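Everything on this sheet refers to the single structure shown next.
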Amino acid sequence: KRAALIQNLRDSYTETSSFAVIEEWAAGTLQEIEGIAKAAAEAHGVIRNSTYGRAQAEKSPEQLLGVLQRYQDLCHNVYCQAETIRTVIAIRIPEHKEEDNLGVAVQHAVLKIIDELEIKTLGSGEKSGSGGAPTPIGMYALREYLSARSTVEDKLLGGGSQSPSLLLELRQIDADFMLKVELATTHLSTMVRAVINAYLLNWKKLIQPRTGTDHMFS
Amino acid sequence: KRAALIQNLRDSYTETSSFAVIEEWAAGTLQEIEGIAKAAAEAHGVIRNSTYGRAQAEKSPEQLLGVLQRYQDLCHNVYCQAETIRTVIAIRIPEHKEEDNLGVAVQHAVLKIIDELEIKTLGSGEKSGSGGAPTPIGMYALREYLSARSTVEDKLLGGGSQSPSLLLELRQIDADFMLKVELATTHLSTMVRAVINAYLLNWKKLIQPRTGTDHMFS
Amino acid sequence: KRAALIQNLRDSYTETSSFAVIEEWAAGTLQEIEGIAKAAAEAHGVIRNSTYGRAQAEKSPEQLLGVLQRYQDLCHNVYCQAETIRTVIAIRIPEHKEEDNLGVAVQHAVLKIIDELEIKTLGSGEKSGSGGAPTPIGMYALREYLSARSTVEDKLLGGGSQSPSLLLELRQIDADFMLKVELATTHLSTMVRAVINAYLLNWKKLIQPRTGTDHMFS
Amino acid sequence: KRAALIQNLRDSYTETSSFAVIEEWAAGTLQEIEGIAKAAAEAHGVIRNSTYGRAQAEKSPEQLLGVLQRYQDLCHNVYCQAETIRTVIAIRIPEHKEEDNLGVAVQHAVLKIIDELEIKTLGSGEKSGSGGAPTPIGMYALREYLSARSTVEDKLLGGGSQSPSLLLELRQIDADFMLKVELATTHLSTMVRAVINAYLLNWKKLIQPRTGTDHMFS
Amino acid sequence: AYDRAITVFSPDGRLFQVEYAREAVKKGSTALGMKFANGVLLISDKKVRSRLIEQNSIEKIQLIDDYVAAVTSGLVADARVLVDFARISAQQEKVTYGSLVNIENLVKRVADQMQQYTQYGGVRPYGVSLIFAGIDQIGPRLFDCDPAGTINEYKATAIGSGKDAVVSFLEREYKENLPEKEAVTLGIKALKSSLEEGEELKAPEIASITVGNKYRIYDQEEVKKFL
Amino acid sequence: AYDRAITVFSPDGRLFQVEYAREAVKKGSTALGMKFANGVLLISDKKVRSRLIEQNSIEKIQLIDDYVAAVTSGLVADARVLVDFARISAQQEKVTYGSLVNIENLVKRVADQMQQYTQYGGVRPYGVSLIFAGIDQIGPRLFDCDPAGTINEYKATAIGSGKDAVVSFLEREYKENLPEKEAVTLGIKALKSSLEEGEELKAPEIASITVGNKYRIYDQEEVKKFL
Amino acid sequence: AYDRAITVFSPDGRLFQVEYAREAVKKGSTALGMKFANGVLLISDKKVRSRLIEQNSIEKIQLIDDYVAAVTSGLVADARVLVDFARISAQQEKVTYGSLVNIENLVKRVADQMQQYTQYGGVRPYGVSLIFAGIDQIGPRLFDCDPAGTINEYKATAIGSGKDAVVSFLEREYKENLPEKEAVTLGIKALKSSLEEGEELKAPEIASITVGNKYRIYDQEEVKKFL
Amino acid sequence: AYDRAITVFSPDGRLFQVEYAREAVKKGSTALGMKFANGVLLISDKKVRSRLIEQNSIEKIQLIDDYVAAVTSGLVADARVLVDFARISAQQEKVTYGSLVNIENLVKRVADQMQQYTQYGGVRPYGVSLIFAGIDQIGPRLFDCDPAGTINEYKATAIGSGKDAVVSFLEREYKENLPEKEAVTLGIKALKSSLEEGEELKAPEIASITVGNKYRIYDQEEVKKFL
Amino acid sequence: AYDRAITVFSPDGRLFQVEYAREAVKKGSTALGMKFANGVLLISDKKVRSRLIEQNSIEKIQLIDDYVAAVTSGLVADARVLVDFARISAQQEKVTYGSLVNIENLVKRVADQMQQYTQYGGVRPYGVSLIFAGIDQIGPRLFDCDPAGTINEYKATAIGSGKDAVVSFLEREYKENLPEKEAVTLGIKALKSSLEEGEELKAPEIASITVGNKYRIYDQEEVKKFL
């Protein structure tokens, strides 16, 4: 039976799941983003007032690892909850017609900015598009940190290199990836508030895209 | 309650936050950009009248590091305040309809040039788009300086290389990145004044995109 | 006060600044471009009648450095003055409406070719777009010269390489970048005269994009 | 005075300059292209009947250098004269209106194929576009020859390599770049004749894009 | 494309606007009509939208005169305008000729009114099908008429949503010259064969006429005897 | 698409232009009407836009004569043109026949005027629904009429924004043949069940007629007695 | 979209073309009207475009007869055509009935003329609002009429650019049955509350009538006494 | 957008089609008119296209009768049709009433003709402005009329290309009740203040009337005396 | 854009459709007309398409009566409809007034017919210019008329392809009151100055009238005497 299958899908992910996600985003998630931003600002203030030698290429700073891992867990939770909202919307796209597409256009307009939250902001793909990566840092910030740090640490340790600008580039990689955490948390706050606004204004058409009685037909 | 959530969002970031940002941009930010431009011009005048040997590949000039770090902090403040304006606009995009989109088109037209300020001018992404990077230098100017400087310093120090054009390329990297700071501060002044103009002309529709009484309906 | 801020912006960069820029471009700038073209032609005539050995890979020709540095200073002045015209136009883009966009279309049509002067002709960006770099050489000609020269000088000096086509490629890099200066000065002359024409024909709508009395409304 | 500036521009590059360029293209330039094609065919016939050993990697053939340098000077003259026609057209683009754009469309249609002559055919840019390089060889043919030849000469000379297909690739690079000169001269003949035709048919609207008396207005 | 104007043929020579008006008919309630021994009947389902509706009001069987009756399906406002046009046309024929001798030309005048608006620009078609049933001097007649204007005379038919099902059951079960009780029983069974089971038939309208008599609307109890 | 002209059916046979005109109705104030023992009443909410507005002026219950009345919802300019067309049509029927014997044809003439503009190109529909209430020689009649032209006769109904809620409350609570005071009390409770609580009902209009009497507007104090 | 034709409803059932015509009203000069003890007055600001303009010429208060007057705002050409249609309609009612007994139907004829062009294709609406003030046999009447055709009778109102200010001040300050001097003083204060301070009120027009009298334009000095 | 039809308001309530017809006026020759002591005059520049043109032919001052005259600017074919409509309308008023008592309604009939084509689809506006000058029983009148139909009565004005300049000079220099020679001298100086210097004023047309007299065209020599 | 309808002004207030109709005139054969001492003449080139064409047939000089004649350029079918409308209009004026006293109003009726089609939607303009030449009671008249309807009276002119050249030569060489032979010699030299040399003038048509005489077509030999 087909209507039984559609009913099992739509009873699996009701509107209350997505609205509970919106309650979690309005209450706890934005405070978590602000806390990650403050940790990034404090770490960047630590890095700004430091002069590095060889010994800073011998160990990785665990504060920055904690900030980046915290931001990674944040982006994981945001991506999974955004996919929950996306599934709640996407299992109610109605029968494809060449008419009556007001609510369908509402659904595609909300799915487009949820795609912008996932792709363009969280950077959760293998490769960025031809539009680039407009996010300052992606889903996999900590691997980028460890790779770009490990290349410079290999160049400094080896006889090691004698370029002082390499040693300053070490400090600059540390400062720049904390700076990327700051900018990415700010843009993620903006995108999350935009998604919350669009859902809370458009959920009536997101759930019921086609209503309407055949009053004229009898 | 849903209207309570929308009211908490719109009471978080009122119009006065964005207008305070516009007051900060008209008063202090443009003077800061001009000061960074003058520091870049003075540093470029120092570099232009210099002849380099091996010893200039043994130390990094801290004047250029100060100019680039100052420009980096400038672009951080500009990006965060531009995101504040973007959030103030974006949490007031109304219910998506296929009509009454005068103020909605105003909001998208202002968000498009704020996107141009962030992406195309500040260069605050991982990778530039297929349109390229029309900014002369990006958000992460100082890492580009230290990397492109460190490659040439590795080639000069090592027996070091005997190419004199490599030694002149050292001086040219120094002069060119100060030149990039000059050009980028000029274009950033232009973009900031464009954003100030568009906000101060369009804020009435940015805040209230859909007004209008049902005079005819009773 | 908001109108005070708009008035301070528009009194900062009046029409006379842009028209003084147009006077500078019609009088001195085109003569400077022609002089750089003649210096490039003379240097290319010097290079064409020369046979190179190892000793030409031991020093960089200062004539070509002078020509390239002169062209770099030229492109800096042209970019800054083009940004001055761009700011004069861009701080007068009026209130965004879905009507009355004759003068607004004039302003966007002039800003598009000023963008073509800056981006496509001066090459003043980090990376070129997917359309490529239709300019023969960019803003940073001298760094391209020193880098592409230094690679070949490293290959020739080292035991050095025995490929004669590498030695001819040295001469060819010298001749080709003077040739790029010739072609780029010619195309820059064409773009500058196009911008002068468009400004002197359209400045009345560039400054006042929306006039018109409510004659019918009282 | 503004009309004085426009008059100085339009008296600098009259119609007779572009028509003298068209006379030079119809008379001498096509014969020069055919002569370069015959020199390329003779050089390719010399290369086709040859078997190479190590000694051909010890010297560069000066016949091919002469053919490529001749083609480079040809493309320089063609690009400069095409820019002369482009400037003659571009300094007569009238006041931008949303009407009366018959002659303006003629001017943009001629400038588009002059752009195709410069960009797509002469290959006079730094990087080719996303459409690629549909020309077989570019403005800088001789540098491509010397670079791709010098890599193989470095691999053959070094103990040198023992791959015979590398030695045949040496002969094939020589033959292929003469073949590129043949194909590029043929396509350049086609593009030049197309530009001559379009100018001689459309110059009346190229010079005077907007005529017309206000007969009805008095 | 060939799509948004009544005055435009397709490359196959179709009027999609007319067939779209025919798609309006399929959203209406199912009604049927059939001939029997010296007579003809009409049966019609009804949407009962709520319990606050009047039962004894706007009815799917409408009389066109004391010897012509009709049921409609489709756009109900268009359908009421059509039934009133049919009534005025029947009374005009009675003024002109003293009587209605053939129902077919009453159907033809209604159908020409419907065809005229599948042709001229600036009007839309009538999204209604009709079934006419009655007695004339030829005998019992039974017709349908559609948004194109096409007229057909039948032994038995349906219009509405369940039309196909009600046709197919009659395509197995209809016989000529049944007595009236058997014919109504066959019609009620036909109407039940169009429902989706579980859903049950509430009280439908049935009219019938025999030769030499006027109309006879069943009241609800006489209908209940067949449910 | 199938969307911006009155003369274009959809591929499912719908007129979206007409249904958009029906969406115009939902922005008006809620009004209701109901039959009771030998009579019929109308109740209507009002937007009181400011305190500078006249109370004793443009009113949502309008008399069509001394024996037909009406309420409207939707575009108010269209609604006033409609009520005046209804008044002129009632007076034409009185000149022709001496009296108004059935309210239904007055409703039919208004509804045919409304249907005529869901069909011809170059006009738009009327974005108004109406409720007619009165006494004729059949008894108490109560109708509604909509932008399509569809006529329905009811025991009780609403039009306007809170229509559904009011209908649902009557779908639990309406009984026939109530005395007039109980019927008005049921109507006021119905109108209160459509508001969003906290918001309270200011003074509404109520009209009523019993058989053999003329028209009767409750003044504001008699309305206050039920709030 | 639903946007560039008068005959197209929105999916919410709005006519954006009519509301755009209502946006033309907001570019005109502010005028107000108010009832007072046994009478009614009109006050109107004016754009004085230059010093070369005639003062004693085209005036914002226009007489419709000796017992109806009017002010306009919006497109001035449409407004003059409207005032002349109102004058011709008043004289037609005087030919037919000997007198004008209710101003309301003069307003209704003007408003039906305005409503007729919010419906038929090929015409645009009238981008003008009007205020009518006068004495009839009911008493002092005061109306406004808008591009949709909507009629409202008021105690006091404004039209024009400063309307929302002038209403709001009256929303604090208006009282019934003021003497005439106090009512004009309240109106001048209301008109001053709509200006942006620094900008000062030059000489406005004021007309008024009491019951049993004819019309009475203030000359400029009698206006100066209140500035 | 809101741009290519006369029947479409903008979202701000503007008709860009009408304002474009007003832009058509600015391409014509400058003409002016002014009142003086017991009289009124008109002055008009002319494009002299070549030396092969007739001087003593199509002239910018046209008589409407012996007691109304007019100048035009804009599309010359529309302007000629307008002047002929004004002449026919003046003669119709003379047949009906025996005399022309107010020029203002001749201007009103021409302006209503011009307003009628800013409203109905399928016509374009008239791209002409006019100035009327004459004596009636009120005194010397002086008007302008524009493509919208807006009428204004003035002391002095211009139309045409140099209009603004000619207004601004009059905005410094015009005085009432000048003798006729001084008024014409002021007008010639005003017309010279609109030229771009180097360019010099060739022989313009001047007409004038005083109260109690008929019409009077200056010949070219009497004009030369003021150049 | 502002481009494909007759009823749409440009943002600069131009009708591009009318000027496009004026571009149709430039593809016709060159004709000229000039006044001389007590008379007026017309000269016209002809395309001789083949040798199989009749010479003594459709001719570029057409008589409108015995005292008005005309030449045309542009679309030849429109031009023939125009010349026949001019003939019918001249005969109507002769029925009404007994004679044709001014050619100018015959030209005005033709030009108003041409102007009427630069205004109403659904018609195109007439792509023809005309030159009228004749004697009336004022004297020798010479006109041209264009697709806009603009009328000009001249000493001498051309229409057609070589018009500018023929004007410019007359802009150097025309004198008033020449004898007829010298005037025709000047006209033939003018027509030769518009050809591109090598191409030679085959036999053109020439008509002429003096005051007090009737019409006079030069036959081909008398034309050969001037070639």
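Residue numbers (the authors' numbering), protein chains in the order written: chain U, 4 to 161, 172 to 231; chain T, 4 to 161, 172 to 231; chain S, 4 to 161, 172 to 231; chain R, 4 to 161, 172 to 231; chain D, 7 to 233; chain C, 7 to 233; chain B, 7 to 233; chain A, 7 to 233; chain G, 7 to 233.
For every residue, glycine included, the Cβ atom is placed at its ideal position computed from N, Cα and C.
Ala46/U and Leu105/T have their C-alpha atoms spaced approximately 45 angstroms apart. Contacts with chain A at 9 angstroms (Cβ-Cβ) include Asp227/R.
Rounded to the nearest whole angstrom, the CA to CA distance from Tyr132/G to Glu18/R is 37 angstroms. Annotation: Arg115/D to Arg93/D spans about 11 angstroms, alpha carbon to alpha carbon. Distances from the alpha-carbon of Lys32/G to those of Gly166/G, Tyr180/G, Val107/G and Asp170/G put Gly166/G closest. Scanning its chain for C-beta atoms nearer than 6 angstroms, with the 5 sequence neighbours on each side dropped, one finds around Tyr123/C the residues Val129 and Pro131, in chain order. Residue-level contact by beta carbon holds for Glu60/B and chain A, with a gap shorter than 9 angstroms.
From the beta-carbon of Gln23/D, the residues of chain C found nearer than 8 angstroms are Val14 and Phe15. When Cβ-Cβ separations below 9 angstroms define contact, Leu67/S makes no contact with chain R. For a Cβ distance threshold of 8 angstroms, residue set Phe230 of chain U lies close to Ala30/D, ordered along the chain.
Sequence-ordered contacts of the segment 80-112 of chain D with chain U read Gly80, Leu81, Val82, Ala83, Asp84 and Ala85 [C-beta pairs closer than 9 angstroms]. Residue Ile88/R holds the alpha-carbon nearest to the alpha-carbon of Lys115/R among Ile88/R, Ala40/R and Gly128/R. One thing to note: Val70/T has its Cβ no nearer than 9 angstroms to the Cβ of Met142/T. A Cβ-Cβ distance of about 7 angstroms is found for the pair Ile209/U and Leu12/T, placing them in contact under the 8 angstroms criterion. In the DSSP assignment, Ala7/G falls outside any alpha helix (DSSP H), carrying neither H nor E.
Residues of the segment 186-203 of chain U whose Cβ lies closer than 8 angstroms to any Cβ of chain T, in chain order: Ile186, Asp189, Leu192, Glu195, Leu196, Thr199, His200, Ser202 and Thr203. Taking 9 angstroms as the cut-off between beta carbons, the residues of the segment 4-23 of chain T near chain U are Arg5, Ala6, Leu8, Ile9, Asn11, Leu12, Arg13, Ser15 and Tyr16, in sequence order. In the three-state reduction of the DSSP assignment, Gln125/B falls in the coil class. The Cβ neighbour count for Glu99/A, taken over all protein chains shown within 10 Å, is at least 16; the residue is labelled buried. At least one beta carbon of chain T lies nearer than 9 angstroms to the beta carbon of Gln175/U. Taking a C-beta cut-off of 8 angstroms against chain S, the contacting residues of the segment 95-117 of chain T are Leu105, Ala108, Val109, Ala112 and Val113, listed in chain order. Looking at the backbone, the Cα of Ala154/B and that of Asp18/G are separated by about 32 angstroms. For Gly106/U, the uninterrupted alpha helix (DSSP H) segment begins and ends at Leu105 to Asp118. The segment 41-53 of chain C makes contact with the segment 208-219 of chain C, as at least three CB pairs between them are under 8 angstroms.
A straight-line Cα-Cα distance of about 11 angstroms links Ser127/U and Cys83/U.
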